[PDB]
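Residue-level structural notes
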Amino acid sequence: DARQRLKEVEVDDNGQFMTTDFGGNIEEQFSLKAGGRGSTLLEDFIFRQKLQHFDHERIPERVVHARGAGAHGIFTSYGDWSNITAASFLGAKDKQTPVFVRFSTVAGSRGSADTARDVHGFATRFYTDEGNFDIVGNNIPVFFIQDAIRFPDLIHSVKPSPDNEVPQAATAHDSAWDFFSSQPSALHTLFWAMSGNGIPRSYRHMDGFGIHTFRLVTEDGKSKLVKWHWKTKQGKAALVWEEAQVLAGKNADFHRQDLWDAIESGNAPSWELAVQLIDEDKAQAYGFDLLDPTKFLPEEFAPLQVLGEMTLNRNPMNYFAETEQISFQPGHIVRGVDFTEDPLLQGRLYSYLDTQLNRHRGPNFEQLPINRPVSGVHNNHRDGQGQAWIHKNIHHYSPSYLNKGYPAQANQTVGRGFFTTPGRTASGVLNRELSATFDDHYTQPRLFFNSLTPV
Amino acid sequence: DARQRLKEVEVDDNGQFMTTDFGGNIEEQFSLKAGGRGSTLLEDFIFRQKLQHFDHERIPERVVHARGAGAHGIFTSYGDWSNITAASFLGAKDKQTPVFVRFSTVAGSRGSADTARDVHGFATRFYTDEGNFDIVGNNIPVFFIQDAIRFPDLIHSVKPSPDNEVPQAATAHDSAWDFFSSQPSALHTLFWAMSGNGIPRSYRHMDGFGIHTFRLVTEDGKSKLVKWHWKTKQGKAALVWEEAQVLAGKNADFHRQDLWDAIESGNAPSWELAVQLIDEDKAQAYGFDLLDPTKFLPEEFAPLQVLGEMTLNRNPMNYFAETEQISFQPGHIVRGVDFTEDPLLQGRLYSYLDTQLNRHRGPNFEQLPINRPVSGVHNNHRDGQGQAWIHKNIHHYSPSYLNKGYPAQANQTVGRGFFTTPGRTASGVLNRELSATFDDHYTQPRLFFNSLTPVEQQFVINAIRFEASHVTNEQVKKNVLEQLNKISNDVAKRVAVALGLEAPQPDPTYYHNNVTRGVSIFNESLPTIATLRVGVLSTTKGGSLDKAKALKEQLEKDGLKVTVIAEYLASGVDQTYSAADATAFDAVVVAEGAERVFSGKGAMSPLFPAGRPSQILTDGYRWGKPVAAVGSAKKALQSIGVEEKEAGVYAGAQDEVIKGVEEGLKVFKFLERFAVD
Amino acid sequence: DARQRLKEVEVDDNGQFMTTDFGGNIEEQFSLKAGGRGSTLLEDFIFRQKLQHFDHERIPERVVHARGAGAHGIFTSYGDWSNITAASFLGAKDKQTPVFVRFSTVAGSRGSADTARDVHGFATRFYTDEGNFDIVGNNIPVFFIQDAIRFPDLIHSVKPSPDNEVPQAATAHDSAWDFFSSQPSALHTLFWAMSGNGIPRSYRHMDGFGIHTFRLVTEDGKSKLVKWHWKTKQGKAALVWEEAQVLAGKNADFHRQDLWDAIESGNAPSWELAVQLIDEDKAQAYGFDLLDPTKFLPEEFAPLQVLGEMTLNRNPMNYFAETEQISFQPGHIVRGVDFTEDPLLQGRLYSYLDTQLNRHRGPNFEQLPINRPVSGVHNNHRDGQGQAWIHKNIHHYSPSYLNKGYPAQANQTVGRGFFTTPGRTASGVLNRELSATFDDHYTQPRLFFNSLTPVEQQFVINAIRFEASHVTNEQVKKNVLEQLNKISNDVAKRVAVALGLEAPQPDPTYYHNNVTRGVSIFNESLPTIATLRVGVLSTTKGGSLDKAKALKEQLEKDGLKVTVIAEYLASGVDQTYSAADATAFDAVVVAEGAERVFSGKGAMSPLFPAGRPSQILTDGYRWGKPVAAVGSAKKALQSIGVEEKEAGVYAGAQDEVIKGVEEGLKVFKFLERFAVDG
Ligand code: HEM
Ligand code: HEM
Ligand code: HEM
């Protein structure tokens, strides 16, 4: 059972008497009144504790990918991949790691239709024995823009016009196509979103991609460039637009219900995790720059190598507590993986940590049940809103004689610590530019178009 | 201009260089990097200030009524109403007061469909010269429950299931109908929501109600019980369900766009503010208790008095800042109005103030431009998150020698202070009960149902049939039938058919034949067809487009919004078949020559989905719209099995067709097209 | 009026009726109740809107520098400095720019005492016509640590122990000295905090520093390394510890009141803005790395060059809205200034933007009146909690055909845009290390100590003796001595005495005898005694009060703030003995006739605590103040064993006393009254 660890915070109300949030049994179907047809009393503590909680139920939706659904499951490694990565979850044949996956659209707000035409999110958390590792991906291998500082421009242009907040969950309006034509890098992802990827049959019928080139790093520090892929075992399938539109009104919940039903009926969907592995010296070998997230790597140059399989076989118990509250971050990285100088990825690392502050209104969101790692948290962080723990170590600083040196530093050689790829270097002037290697915005959109059937 | 006071906070960026939020000109299209293909620097303050602001754009949606849209306007009093109220905004003939109104659904989240079936909100703020007065109403005059403490139960049951968060913006699921049948008070509002009130044609075509009995109070403290009514000058109009569903997918923004377009085109919508006034001693004299919000007062007993008129004539400039941020409260009351002991109202007073803390994350939300009164704020409140003012008075307490007694106390007799109705008393034991006078949950649902036309009753029945057939639990369905049967055996029998159940035997305790006026929608034609929409189906082949252009010009004379549709965007074409759907239009007319796209190859261009032109005409017809064809276009009507002798179907020469369509648009929906049990 | 732009948000309540926050006149002194002795009603909207606002008044205090106070002013450039910087606020002679400055301690929470021993903040905002530029500095030129990532370690170790939250506003506890000795970079700032800089007489008597090397950049991209200095026109002056402690109890608001009073009295304080300017090629030329914030640049290698002067001349109208809410950031930079690769500075850039989210609970804090620039904000940012504007541009993205390209990109060549120094480069491997050029943690602490006067050095030793004696852990105390020994064997030995330990043997690796100017407080007299405070000890009996009044009038002629003290508030009396303490005054003078309250019946009034007048005079003397007595009042001096021949002790006729006190106040502290080891 992938949700096993969440049992300890599950609350069973079967056969129980109603209480306040501070205990004590109550009734809460009648306001306390001053006489038979009297006004409600301020001293009705029961009324106020019940309505205060209700009044405060909502939290801000995700700034993007607000509409989505998720499930728990298990990832299984098909081998000991230590020759390519120090990553613990990939370190032994048949090793199992719990996952949670959230799928989504991008533009629409939380109540928008599943079958809007859009890019789709495909975000996976591996709760590894060496910390949470997230692959925060989409169902399309390339993204609209080449530098993260342009993300608010893209998103503003695609989201509803700011005067009237029209249209919902749709790129079909002036500002979006103004941006797409003004910022041609966007043309590649656009073509993908205008294909079947824009209107998938179900989350279970989507492939997934990390998009960016990352690095796999072995114990000794040798690195390989990597593209992450999820290959659906259910096969890719897509609707037609005229159909998607009607479905958007007839069942806005088409995709979330589809996933829920598949899992509930014992038809758990699966995906194989596959990588494309490229030597560092081939970063600019394939007619484009592998640091450029507007390009994908044709499989002719690098076949998909299968590492393992993920199966989603447990629905959440409470959607809000689990699916709504889960906070993904590409910055959730573990020993054996590293970033690259992809200027889009770079900025994401900042935004996903920062945005949690808005959505969770406090610094302690990793303490939420769905966000907790399985591997233990030991550091000198204290306090902050909603601090859910009580720390024993009163010498909450390093270095220190008084705490005997614990918690202790970990690095490449000691304690299985994270470490940046040792050979990475910086060179050249500090600049607010992009590489000329990023300049071709049309060749791959053409490649993609060429590779589809006539219809 | 209703938005006049907002101008001072408007920001124009035309002709300016980009800046940070702390000033200084910048460029912000490239991250600062260490080397040509290097990593981004933490010292890129430009990147972080821009992305931080983006990262934090969202605020919590409203806990209920999250999906909505609003506009600014002006309220004008028809009289000096001092004989019934001290309320300043009603104190003189022709007196004008700025308003903002937000309309909404209830259950759905932020981005759910406008044409979901639901109760609808109708919240009005009067920015009076004696403070902000809000009437936070709905488009249905009664509410589901009798005591505010039950609101989370109601809302929890209607909103999506908490395990999978399905279904969005829908009462058509087990939990909702479990609550409706377990808490029978809910049956009255339920019937309203299952009627045309649940699927209005637009915000402009709704009435509004305060629901609760309130009090109007004069300067000397004389009070009357009052019900607030907004009477639409556009007339009530509603969709049919099978139409509303497609519209939910084809255009989730139907109502917000409709409102926006009417205002921008200079067709500002209006409502008259009306009241029923009741003597205090008759609170319990009309067959129910006026403190009970699940009942309305039949106008036969107390006719409407018209106090004035509201027109909404200005769209917001920034939706988030105005519409999203505005914070309504039933506790926003002014001198001349008071509360009653309605236990639903009583709890709202607490809820709306408190919930603002969640949505705005601080106590200073009243300082936001859209929330600010126009009448001046002087008190000893200080500090709090986002404090936007700088207070001059350093002796921020009362009483005080040092501040010379300012700000000063205001009451009934000094400084036009608010005052609670002087006659009001408390009597009896502190209790967690409800008055036995609240006990009848079935008589008024029956009254309502009795007062609908035969097809309109059929719509309610078919809505219940549709909804309850979604309930998976057999006993809940049985529970629902048992409750329905207490209202009407016939209603229960007809619903039972769909559910494949036997309806209980008649239970006549609450049965009766009384009817009341003013609750129907389909019994009355529209007062005006201005703004209504005509889709003209044409084609780029032959002379059809020129003829379509002529038709459009004539129709527009009548204030109609006309869309000419063709295979592609040729000169004079407003929309392609691919982009078009019958749901966007109130009438469908086939222009002469367009019959060519209704069969064979002409109906199978790569430019649109197969059969699209036929589907539009079929949908138009089946959903009860005025449909028509000019000249040889009659063949399109023939192709879908329709005959020009039918009500709301028009054929012949252009002049004939234009006149017929314009007539049919007043009728709006042709109910002869819907089968009755 | 520096506060001019803020007038439009000022709210006047005089002559008005009470209202709710949503308008409508009310009364709010009685809850609405069901019957005469009845319960309060939930429908009392008046009660709730009033209590809700109250309930929510508080916002988180600053995570550091929580205790502080500020004021508005004007900075005036002395020149057109375009030859060294493109910065507009420095672009022309006599060009004026509004400022706001907040001064503070570091460790203490709100409400902690002004006169705790601590580093002090000195944060200045220039509201320039090209955006807000903040110099977020301290009153000490070096910081404890070399990399921003270590800040939570430093701060956790200095702030109260996390089990019991003791002690408030103090480094005098185990964890702090554990950290100072475990992280030797800290020793330099520690020495400064243990000197007079740790207990300044007032905010007005502090110098200020940006600490970090920054860059000045001209229009054509040429750069210079720079150190920011604020030089106080009032002179540096410090308390003594035993006085600071009593003052912390007698008036926790000593410094905030001092600033407020100086401004209200028309004695606005001033500071000159000065820079040290050195070429890029000097970064590693002076025996340390200029990217290392634990080192200062000796003025002998690069003199101060004065750029202008700021004067603080307007108090806030509402402390919360202005002083509490103001949000400083070192990332508030403008065209003509750039950052350096100082790894402490680098991380601050992140921290100060992020922390505002905590303190203001939303992303629109730059919209608060005190945070708004004067120069205009035009960008595509929208929404966020508490959005206070209504944007007109509906095409809130770039690039765009629909918005016609506005708002437009600005850079080095178009639109006076910010730009990073064109010549900056990066070379080498990505690393989680520090340059070996940062390795010397002891040479500059020694340089500083060397540069103090003998008594001034003793104060540093006595501060360390006091602090380290509070460390309960024996090994931490030994660790401290081992580290001190690396700076100075003599320092280590003298400290060791107090701890009853044996100092290690000399370790001469870093020892040296060099000295540098500009770091001493006590080696120079005050340039002015304006605003300084004289307590005149009098009595209501006899003719003392009339003479005290005469004394007061003469003293006030020299710009002094005079307090006549007596047993009760008679005509002419400013403060009672009960309410008075020597800590409040820079000078103590017994008026003729007042000797009667130093012994005999007059000294036993129930109107003040036993011994009160003698104690004030005793405290004043022992704390090194000029003390005096007029005429027969010399008996008062005699009663406490003090002799007229002593430096800073004056007696005789009124004329002579006034003259000597006024000269003594320039010396400020009489260091001959403090014993030195040996
Ligand atoms: C290859 C490019 C990108 C991919 C594949 C991607 C994917 C995703 C996905 C799947 C989610 C939803 C995670 C969930 O289900 O909760 C998400 C959310 C988000 N994304 Fe991205 N995104 C990309 C680019 C960016 C960029 C450039 C930025 C900003 C620099 C950004 C900022 C955010 C933020 C702030 C959220 C909301 C996170 C939360 O509230 O928990 N994304 N993205
Ligand atoms: C006659 C019965 C009711 C009517 C007519 C009504 C109407 C409305 C309307 C129109 C809005 C949306 C205002 C807007 O557009 O922003 C709203 C929001 C809200 N309502 Fe009600 N409601 C009723 C019952 C209740 C009850 C019993 C409660 C709780 C005790 C409640 C709590 C709330 C809350 C917390 C909001 C969100 C307000 C905000 O976030 O600004 N309502 N209601
Ligand atoms: C040369 C080194 C430093 C100096 C001169 C300095 C100075 C100051 C000053 C004067 C303040 C108070 C500003 C005010 O009056 O509102 C302050 C606050 C603050 N400092 Fe620093 N500090 C330094 C190092 C650091 C570092 C390394 C960090 C973190 C990496 C840091 C983080 C903060 C934070 C988060 C605040 C609270 C700001 C606010 O809440 O508005 N400081 N600092």
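Residues numbered from 1 in each chain as written, not as in the entry; some residues may be left out. Chains lettered and ligands numbered in written order. Part of a larger assembly, values for the part shown. Heavy atoms only, no water.

For this deposited structure, the header cites X-ray crystallography as the method used and 1.850 Å as the resolution.

**Concerning the sheet that holds strand β15 (residues 561-566) of chain C**
Picture the strands of a sheet paired through backbone hydrogen bonds; they go either parallel or antiparallel. Residue and element names in this part refer to chain C. Reading across the sheet, the 6 strands line up as β16-β15-β14-β17-β18-β19 and stay open at both edges, with parallel pairing between neighbours. The open sheet terminates on both sides in strands that have one partner only, identified here as β16 (575-576) and β19 (649-652). With 4 bridges connecting them, strand β14 (residues 533-537) and strand β17 (residues 587-590) associate as parallel partners. Counted as the bridge partner of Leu537 is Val590 from β17. Against the sheet, helix α13 (residues 544-557) contacts β14, β15 and β17, and its axis sits at roughly 170 degrees relative to β15. (Pairing = 2+ DSSP bridges. Helix = DSSP H or I, 4+ residues; strand = E, 2+ residues; numbered from the N terminus. Contact = heavy atoms within 4.5 Å. Axes fitted to C-alpha atoms, helices over the stretch in contact; angles between N-to-C directions.)

**Side note on the UniProt feature "active site" in chain B**
All names here are of chain B. Here, UniProt's "active site" annotation points to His65 and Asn138. For this annotated set, covering 74 residues, all C-alpha atoms fall within 10.3 Å of each other, a compact arrangement in space. Filtering out sequence-adjacent residues up to four positions away, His65 remains in contact with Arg102, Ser104, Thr105, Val106, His120, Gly121 and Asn138. Of note is the side chain of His65, whose polar atom sits 2.8 Å from the side chain of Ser104. Here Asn138 is to be found in strand β6 (residues 131-138). Overall, the relative accessible area of 7% leaves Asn138 in the buried class. Discounting chain neighbours no more than four positions away, the residues touching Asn138 are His65, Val119, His120, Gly121, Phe122, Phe143, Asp207, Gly208, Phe209 and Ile211. (UniProt positions renumbered as here; feature names shortened; annotations may be inferred. Polar contact = N/O pair within 3.5 Å; in protein donor to acceptor, adjacent residues only side chain to side chain. Buried < 20%, exposed > 50% of the residue type's maximum accessible area, 1.4 Å probe, protein only.)

**Focus: the site of ligand 2**
Taken together, 27 residues are adjacent to ligand 2, and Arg62, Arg102, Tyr352, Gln356 and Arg359 of chain B come closest. Flanking ligand 2 are residues from chains A and B. In this structure, a nitrogen atom belonging to ligand 2 sits 2.8 Å away from a side-chain N or O atom of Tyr352 of chain B. A distance of 2.8 Å is found between an oxygen atom of ligand 2 and a side-chain nitrogen or oxygen belonging to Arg359 of chain B. The set of elements that each furnish at least two residues to the shell around ligand 2 consists of α1 (45-55) of chain A together with β5 (121-128), β6 and α8 (343-360) of chain B. (Near = heavy atom within 4 Å.)

**Observations regarding the coordination of the iron atom of ligand 3**
You will see that the iron atom of ligand 3 has only one donor from the protein, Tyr352 of chain C (OH), lying 1.9 Å away. Structurally, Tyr352 of chain C is set in helix α8 (residues 343-360). (Donors = N, O, S within 2.8 Å, 3.2 Å for Na, K, Ca; no water.)

**Regarding the site of ligand 1**
The immediate surroundings of ligand 1 are formed by 26 residues, with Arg62, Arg102, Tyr352, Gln356 and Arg359 of chain A found nearest. Around ligand 1 the close residues trace back to chains A and B. Take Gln356 of chain A: an N or O atom from its side chain is 3.0 Å from an oxygen atom of ligand 1. In the model, an oxygen atom of ligand 1 is placed 2.8 Å from a nitrogen or oxygen of the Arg359 of chain A side chain. Within the residue set of the shell around ligand 1, elements represented by two or more residues are β4 (121-128), β5 (131-138) and α8 (343-360) of chain A together with α1 (45-55) of chain B. In terms of residues, the shell around ligand 1 owes the most to one element, α8 of chain A, which gives 8 residues. Classifying every residue of the shell around ligand 1 gives 12 nonpolar, 9 polar and 5 charged. (Nonpolar A, V, L, I, M, F, W, Y, C, P; charged D, E, K, R; others polar.)

**Some points on the coordination of the iron atom of ligand 2**
Donation to the iron atom of ligand 2 from the protein comes from one atom only, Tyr352 of chain B (OH), at 2.0 Å. As for its position among the elements, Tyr352 of chain B is in helix α8.

**Thoughts on the nonpolar core**
Within the largest apolar cluster, 78 residues are counted, with the highest numbers of intra-cluster contacts made by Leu154 of chain A together with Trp228 of chain C. Broken down by element, the residue count for this core peaks at 5 residues, all from α1 of chain B. Excluding residues within four positions of it along the chain, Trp228 of chain C makes contact with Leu90, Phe133, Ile135, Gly208, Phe209, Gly210, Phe214, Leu216, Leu273, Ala274, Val275 and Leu307 of chain C. (Core = buried A, V, L, I, M, F, W, Y, C linked by side-chain atoms within 4.5 Å.)

**Describing the domain arrangement of chain C**
A common way to express how large an interface is: the accessible area buried when the components associate. All names here are of chain C. Once the domains are mapped, chain C shows domain 1 (1-430), domain 2 (431-528) and domain 3 (529-678). Distance from the C-alpha centre of domain 2 to the C-alpha centre of domain 3: 37 Å. Opposite the 12 residues of domain 2 that make contact, domain 3 presents 13 residues. Summing the contributions of domain 2 and of domain 3, the shared interface buries around 1000 Å²; its carbon and sulfur component is 63%. Ranking the residues of domain 2 by area buried against domain 3 places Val455, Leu526 and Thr528 at the top, with a combined share of 47%. Run the count over domain 2 and domain 3 and you get 2 salt bridges. A salt bridge links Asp677 to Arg494; the nearest nitrogen and oxygen atoms lie 2.8 Å apart. Connecting domain 2 to domain 3 are 5 residue pairs in polar contact. When the residues that make up the side of domain 2 that touches domain 3 are grouped by side-chain class, the tally is 6 nonpolar, 4 polar and 2 charged. (Domains from an automatic or database assignment. Buried area = accessible area lost by both parts, 1.4 Å probe. Salt bridge = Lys/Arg side-chain N within 4 Å of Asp/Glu carboxyl O.)

**Here's the deal with the domain arrangement of chain B**
All names here are of chain B. Per the domain assignment, the segments of chain B are domain 1 (1-430), domain 2 (431-528) and domain 3 (529-677). Centre-to-centre separation of domain 1 and domain 2, based on C-alpha positions: 30 Å. On the side of domain 2, 41 residues touch domain 1, which itself brings 47 residues to the contact. Buried area between domain 1 and domain 2, both sides added, is near 3900 Å², and the carbon and sulfur share of it is 65%. Taken together, the links from domain 1 to domain 2 amount to 1 salt bridge. Salt-bridge contacts for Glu299 lead to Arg517; the nearest nitrogen and oxygen are separated by 2.7 Å. For the pair domain 1 and domain 2, the interface holds 15 residue pairs in polar contact.

**Thoughts on the pairing of strand β3 (residues 68-77) of chain B**
Residues and elements named next belong to chain B. Of all the 10 residues making up β3, 9 are buried; the element is thus mostly covered by neighbouring parts of the structure. Taken together, the 9 bridges between β3 and strand β4 (residues 96-104) define a ladder with antiparallel strand orientation. Residue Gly70 lies in a different strand from β4, and its bridge partner there is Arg102. Inspection of the sheet shows β3 paired to strand β11 (residues 305-314) by 6 bridges, in the antiparallel sense. Across the sheet, residue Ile74 finds its bridge partner in β11, namely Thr311.

**Observations regarding the packing of aromatic side chains**
One pass over the full model with this rule turns up 83 aromatic pairs over all chains. When the centroid spacing of 4.6 Å and the interplanar angle of 40 degrees are considered together, the rings of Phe89 of chain B and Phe126 of chain B count as tilted. Taken as a pair, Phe89 of chain B in the loop between β3 and β4 and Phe126 of chain B in strand β5 lie far apart in primary sequence, 37 residues in all. Accessibility expressed as a relative area gives 1% for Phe89 of chain B, which makes it buried. On the basis of relative accessibility, which here comes to 0%, the residue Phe126 of chain B falls in the buried class. Ring geometry for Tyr286 of chain C against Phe301 of chain C: centres 5.3 Å apart, planes inclined by 10 degrees, an arrangement best described as stacked. Remark: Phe301 of chain C occurs in the loop between β9 (270-278) and β10 (305-314) and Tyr286 of chain C occurs in the loop between β9 and β10; sequence separation between them is 15 residues. According to the relative accessible area criterion, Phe301 of chain C is partly exposed, its value standing at 43%. Here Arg125 of chain A stacks its cationic end above the ring of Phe328 of chain A, 5.2 Å away from the centre of that ring. (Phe/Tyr/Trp six-rings, centres within 6.5 Å; stacked < 30°, edge-to-face > 60°. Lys NZ or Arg CZ within 6 Å of the ring centre and 35° of its normal.)

**Quick word on helix α13 (residues 544-556) of chain B**
Residue and element names in this part refer to chain B. For α13, spanning 13 residues, the distance from its first C-alpha to its last is 18 Å, which sits close to the expected 18 Å at 1.5 Å a residue. For α13, the set of buried residues is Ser544, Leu545, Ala548, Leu551, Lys552 and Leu555. The buried residues of α13 occupy an angular sector of 115 degrees when projected down its axis, which confines them to one face. Turned more than 90 degrees away from the buried face of α13, the exposed residues are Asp546 and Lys549. Elements that come into contact with the buried residues of α13 comprise β15 (533-537), β16 (561-566), β18 (587-590), β19 (627-630) and α16 (654-667). (Expected span 1.5 Å × (residues − 1). Arc of directions from axis to C-beta.)

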